[PDB]
Amino acid sequence: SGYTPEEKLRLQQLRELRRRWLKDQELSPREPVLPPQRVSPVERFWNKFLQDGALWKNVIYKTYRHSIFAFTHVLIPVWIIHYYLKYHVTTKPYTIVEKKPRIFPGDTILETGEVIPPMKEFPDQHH
Amino acid sequence: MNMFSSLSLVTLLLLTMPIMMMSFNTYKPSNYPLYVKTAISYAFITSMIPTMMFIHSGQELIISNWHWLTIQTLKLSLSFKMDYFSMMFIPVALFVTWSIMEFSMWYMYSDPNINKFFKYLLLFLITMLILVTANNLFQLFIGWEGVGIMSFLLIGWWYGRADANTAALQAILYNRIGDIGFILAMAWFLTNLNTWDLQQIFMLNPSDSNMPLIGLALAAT
Amino acid sequence: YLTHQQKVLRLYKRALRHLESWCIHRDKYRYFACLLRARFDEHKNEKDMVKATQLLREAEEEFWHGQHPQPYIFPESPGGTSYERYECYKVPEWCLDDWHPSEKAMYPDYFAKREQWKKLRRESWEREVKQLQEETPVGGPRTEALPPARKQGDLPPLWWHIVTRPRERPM
Amino acid sequence: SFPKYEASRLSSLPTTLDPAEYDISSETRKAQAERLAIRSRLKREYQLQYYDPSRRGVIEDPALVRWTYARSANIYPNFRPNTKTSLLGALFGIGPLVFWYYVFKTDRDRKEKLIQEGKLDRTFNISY
Amino acid sequence: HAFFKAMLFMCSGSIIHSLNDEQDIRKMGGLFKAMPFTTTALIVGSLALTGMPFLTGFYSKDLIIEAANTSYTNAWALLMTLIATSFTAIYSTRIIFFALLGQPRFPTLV
Amino acid sequence: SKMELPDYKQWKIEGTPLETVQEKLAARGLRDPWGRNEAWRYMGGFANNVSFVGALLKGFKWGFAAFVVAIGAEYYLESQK
Amino acid sequence: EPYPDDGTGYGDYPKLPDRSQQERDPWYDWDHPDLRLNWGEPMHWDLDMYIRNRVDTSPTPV
Amino acid sequence: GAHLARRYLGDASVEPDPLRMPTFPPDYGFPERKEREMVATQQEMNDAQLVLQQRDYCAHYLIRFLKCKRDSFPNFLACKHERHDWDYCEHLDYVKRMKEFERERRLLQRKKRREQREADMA
Amino acid sequence: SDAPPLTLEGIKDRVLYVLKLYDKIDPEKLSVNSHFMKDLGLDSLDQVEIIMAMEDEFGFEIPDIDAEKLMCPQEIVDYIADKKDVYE
Amino acid sequence: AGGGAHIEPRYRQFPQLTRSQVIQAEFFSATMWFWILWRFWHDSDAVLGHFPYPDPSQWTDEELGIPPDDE
Ligand SMILES: C[C@H](CCC(=O)O)[C@H]1CC[C@H]2[C@@H]3[C@H](O)C[C@@H]4C[C@H](O)CC[C@]4(C)[C@H]3C[C@H](O)[C@]12C
Ligand SMILES: *C(=O)CCCCCCCCCCCCC
């Protein structure tokens, strides 16, 4: 109860066009024809400085990538944040409210110099 | 204090950099997934510095840097509570997200919109950190709904799949029913305690709390 | 409609999928696949045309009671985990007619080969209409399916969208 | 015998377990065939315009137009005030409004007594 | 819970990708040695989910049953938690058995 | 590339659990035609696999060896100074 | 089959079976694959309620 | 909870109610009862910011342990002895409150016999 | 996806490599053109088992409305070819 | 993506492995057992018990300050 002769031909005829079409869906070696692209000298130095494998120098290359990221994305923002916090946020009352440090027995205060007497003798035992 | 507060906010500000640069300030599509991952990597290191200080001397502070809106006797600020719950969860969340994004670079390597997938993943992380560090109820609500809306977009990632849309809208429906309780809590605290700040809610310490806490339980449900 | 022959084939086809879902382990599936296979041959030689229907209805009813609540589905079928997963990446072919010339110049070879197909379809359109009208009953068509290409050069009528449909894995 | 399947509006009867597919009368074969006839005439008309290359627009669908016209603009001219519409309209339209009136009126009347007498706590209430 | 629940999903995703977007465990198996590293993490995390002693989860999960057991609690709620903890092992063993042990059920070309 | 399929004349149902099916169906007078089609899931690397208890004890021989030396190593500098 | 003439505005619009769109041959080549309709086919009065993102009426095992 | 079977499937009068623990008379009954003393009187507890539930009677131990953690950082493995001391001190408190449970339970059993005698005298 | 592309000839090797382990057909008689009813007269119900083997081999599953129209080892490659967009 | 060892997908057979997979996989499996055993040895109280539970049945009415039944 398979295909009637017409159906077998039509499917064959369709597949003949179908696979021709799918072959047209391939890019020639020259594609895409990207417009001319400017390459910065800083990029040129790395492409020429890396070239071959030279795994030893990649650590220098990676350190450059991390140093750049650790500078623009960490050091610069913490300057902006710190300047904002130190001279603008903290000049107004109760903008940053800390929790007063815990004071344990037998400690001296840096500011006032007070000493808190230790606790009473412990009637403790071994174990 | 300066180092603790400065390093607490830098973690949050760092995560927004990939979003800001996504406005065509540095066009490197092929490297954006690695750019986002490395940002999460440093956010973990930065968060550990205030995390360690809490472990050592139990330091803890609030940061109300910005004044947004004063409705008569209710003052709304962009406050941040860096305490036990936030200090421990921030490193954990960033550490786990770090591994997920690195895993997702390989897993989603064949997706045409991988760049748009990492921006959404980073948007959720920003909403969650707002939710975790919120000091007043309104700011918490911003993150509360923010995570809810990114879930809608990420669940329905393959949007030609009707079952993905159905699952996406289903999440909004159930979480919307929960948001009824959250607004119930906000109305109670303002009406009775005259505030949305957690510092003032605890200081007054109301006795009768069935209604406001019943609402929160529905929000958590 | 489905011929009584077709129904038995479908009933047998599904019964093994649900049966395969109960066994999981291959060897335990083979043992019972033969047994269920045998139960068909028991009444297969029957040629009553009135008791075979009764068994089929009892067969269908028996299948429903034991059918797996959660049958396995291949992940590209109506119900699988990746059904229509790539429907968003599939785009029509007419969208390229609206491209800007600058971005059309990025593929000088590809679009030259496209213009040929538009010429090929444009030339072939008139013959395809003529073929369908003559090979169709006076009162109108009676079923689906179209005639194949009779003469050389002529292409199967109504072929453009079937031939030029989007790929199943566009990207 | 296994329990028979019981259908419902939210769970239709399976086609296999339906005593209407197996019977092959003279009417069924010439009826299930007729449905495929018109169904094919429409597809032929659609196929001609769909595959036409000298066409750029929307294929008007009269079935779609009739669907929307019967849902918005044809409802009123086919409406008769009788015992069903009047009763259905009354308890769906006036019902809820009355129900919510006595709920809120009773609640606010109860509150006002507790505030005039001072029995409602409003210690920190300075926002409204 | 963040550490190992996230690990479990990633390890599950590793199996998914290899088997050509197949999620049903009734079409998996025989991967204990085929993907040794995914298997190691899967067993490591699955044990953590079940609450192996001296492993992330023990310091939180076990310390809760101790407090739940010895508290002025609801007996039915206390019972339900304990039954649930046993159920944690059953479906974990379901994943390991159908996804790592036995003989493979996946297609031929993978 | 031109991937080469293994020669098909190596799928023997004997020596694997699939044969036990053949004996069972032979009793009632039937055979499993696709038996050798499923024979690739038991021969080769797939042949045999660790047990559930064996899988859990993965990497247990070395850990015990490391543990005994660990306690012993600590003991050396434990009651000496 | 017209809807009952109870004076609720239905008029002479066909009363198609109350079947969801998920209950249709998923493999038949639909003119609207997502909706599972055919051009020129009379749409159900509640078509917008029976789309695949909504009420489903497929037979259930239990 | 073995005792639960007694209180819910046995006699309720003998078992003591956890929310109604002994309202019995004062120290009378145990000759020369000794008051339980405290170390961190008022300001030492309200200077280490101890939680409202932790600083019951082992505050001196808990305060001492917290002192070691601050100094031992980052040697979080240190202070183990300090934590053990507080655990033991808490344990003794746990048993001491546990004794009151059995102390009243038998007092309840003793108290019923006298009532039974009077009812059964006639 | 990293899954190797399926070649037109590569499919045919798999299709016959499955029919050759059926244990109901003669390996030397089954060829690219071997009808299951007119050439070697295989049972119709065996078509269901034949197709199921194909579906379990390639992953995807053929519809029953079109599985019943395929008894030609050459046609199966044609059908799979027109379902995974294979052209070479 | 990544290094791409590019192990050919073999037909019906066991998939190819590499030297890095097994060594690293086995390394963590032994680490888990080493960590499990090392911690169990030093402090087993956390998993079996810290302090013995004092049975109140094996006590005396004197230490509890129970007045005599004879008043
Ligand atoms: C450091 C990271 C990965 C390389 C590495 O492991 O070091 C590399 C990959 C792509 C880089 C980023 C992208 O190139 C986009 C930006 C390009 C400019 O160099 C400014 C920083 C910039 C944001 C880069 C920061 C950093 O160097 C990145 C993130
Ligand atoms: C008292 O509070 C016991 C609470 C623990 C509830 C779980 C009891 C389970 C009993 C099972 C039988 C075990 C007997 C050793």
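Here is the naming used below: chain letters follow the sequence lines, and residue numbers restart at 1 for every chain. These numbers come from the heavy atoms of this one structure, side chains and all, not from hydrogens, waters or symmetry mates.
The greatest number of non-hydrogen atom pairs below 4.5 Å with chain C, out of D/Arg41, D/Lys4, D/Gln47, is found for D/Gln47. Residue with the most contacts toward chain D among C/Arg142, C/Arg122, C/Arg121: C/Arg121 (heavy-atom pairs, distance under 4.5 Å). Per-residue counts of heavy-atom pairs under 4.5 Å with chain C were compared for D/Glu21, D/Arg35, D/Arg29, D/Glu45; the largest is that of D/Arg29.
In C/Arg39, the CZ atom is not crowded: 12 or fewer heavy atoms of neighbouring residues, nucleotides or ligands sit closer than 6.0 Å. Shown here is D/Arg44, whose CZ atom has more than 12 heavy atoms of other residues, nucleotides or ligands within 6.0 Å. Annotation for C/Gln70: atom CD does not count as buried by contact number, only 12 or fewer foreign heavy atoms lying within 6.0 Å. When the shell of 6.0 Å around CD of C/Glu103 is examined, it contains more than 12 heavy atoms from other residues, nucleotides or ligands.
C/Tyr1 contributes atom OH, which lies 6.5 Å from atom CD1 of D/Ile24 (distance to the nearest 0.5 angstrom).
Near-neighbour residues of residues 49-69 of chain C relative to chain D, defined by a heavy atom under 4.5 Å from a heavy atom of that chain, comprise C/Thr53, C/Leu56, C/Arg57, C/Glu60, C/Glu61, C/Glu62, C/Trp64, C/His65. Along residues 48-68 of chain D, the residues that come nearer than 4.5 angstrom to chain C, judged on non-hydrogen atoms, are D/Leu48, D/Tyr50, D/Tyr51, D/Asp52, D/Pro53 in order of number. Proximity to chain C among residues 96-112 of chain D is not found for any residue, judged by heavy-atom separations below 4.5 angstrom. Proximity to chain D among residues 128-136 of chain C is limited to C/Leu132, C/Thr136, judged by heavy-atom separations below 4.5 angstrom.
Both the backbone and the side chain of D/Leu36 come within contact range of chain C, with heavy atoms under 4.5 Å apart. Interface residue D/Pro19: backbone and side-chain heavy atoms are both found under 4.5 Å from chain C. For a residue to count as touching a neighbouring chain, one of its non-hydrogen atoms must lie under 4.5 Å from one of that chain's; by this rule C/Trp160 touches chain D with backbone and side chain alike. For D/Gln32, the part sitting under 4.5 Å from any heavy atom of chain C is the side chain, from C-beta outward, and nothing else. Neither the backbone nor the side chain of C/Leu2 has a heavy atom closer than 4.5 Å to any heavy atom of chain D.
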For this session: Would you check, one step at a time, whether the test side-chain contact (heavy atoms from CB on, under 4.5 Å) holds for C/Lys7 with D/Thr16?
Result: CA-CA 9 Å; C/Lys7 301 176 189 178; D/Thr16 64; over 6 Å; no
